[PDB]
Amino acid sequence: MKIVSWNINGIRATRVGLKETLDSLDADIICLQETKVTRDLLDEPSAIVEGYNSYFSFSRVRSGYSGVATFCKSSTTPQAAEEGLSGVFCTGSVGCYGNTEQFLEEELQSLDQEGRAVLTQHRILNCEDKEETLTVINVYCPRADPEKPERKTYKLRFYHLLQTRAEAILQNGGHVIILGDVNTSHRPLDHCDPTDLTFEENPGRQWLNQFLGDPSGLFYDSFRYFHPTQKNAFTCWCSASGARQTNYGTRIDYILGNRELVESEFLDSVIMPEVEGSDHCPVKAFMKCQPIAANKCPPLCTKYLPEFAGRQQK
């Protein structure tokens, strides 16, 4: 089983047909961040691709903004799928929300209305050939903006909601992968030199430090489980001033898994710097577990969107 995560900086902006791009990534589950697809655009070619069943979260606050999508081959059709981390935009859902007493409902709506998370749940056969659930949480984390101070708070609250949800699903049994653009690099090795000699003072990095365990947190950074000392392993370079060529970059795209999943089912986790078309490159994991496809796509699937019903229904 193979899974890819990629902040694609706009599906359309790659200027390649999406079927060709997805096939080239050669994976059973492909998670895209910053699709820049919103529902007002009626962008059927970006949402419905031959050979895949897909699950989008669309931003509700601005056209052509944010957005995440999970594309599944027939082999991995999910048993359940849900938009968001809190449940407010939710048959066929994932549940297991955790305790959100610290969040107002209106804050939950705000954290979930920007198209930043989609969850798909897959049955898998583990290394003892027992059936288990794997929940894939595909996230595009926000960014702080100095001219809008409230967005730093938004980002930290999004991280706290993500932790709450992921740990609650994990507590229900089975396995959890969190992948996507976390928009924080973890350790000095993850960023171009030189490094702060207060590096831990960053509140997003403090969050990551306690969320991840080291082979206290319940999740492992799979890339570093397999490549703990690899240098210059970046996933993001700014578009300007030749950064990708000079390796002026950072590693901010992750495939995180619960400890038991990474230790027992992962074979490798890598960076794909050869893949062009975005300001980020993909990351990819290779797993030994085998998926059990659902018999029907759950209701979140894009094929059920009324705007895409087709001419025969017209």
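When you see a residue number, it is the position in the sequence shown, counting from 1.
According to the PDB entry, the deposited sequence runs on from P203 to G204 with no residue lacking coordinates between them.
According to the record, 1 to 3 deposited residues between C90 and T91 are left without atomic coordinates. Look at the mean CA B-factor for 305 to 313 and for 3 to 11 in the entry; the higher one is 305 to 313. As the entry records it, the average C-alpha temperature factor is higher for 188 to 196, out of 188 to 196 and 76 to 84. When the C-alpha B factors of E276, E44, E260, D28 are read from the deposited coordinates, the top value falls at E260. Note on the listed residues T153, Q113, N232, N138: the highest Cα temperature factor in the record is that of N232. For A243, the recorded CA B-factor ranks within the highest third of the chain. Only modelled residues enter the ranking. Annotation for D181: C-alpha temperature factor in the lowest third relative to the rest of the modelled chain, per the entry. Placement of the Cα temperature factor of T120 within the chain: lowest third of the modelled residues, per the deposited record.
Among all modelled residues in its chain, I48 ranks in the middle third by Cα B-factor. Sort the chain's modelled residues by C-alpha temperature factor and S264 lands in the highest third, per the entry.
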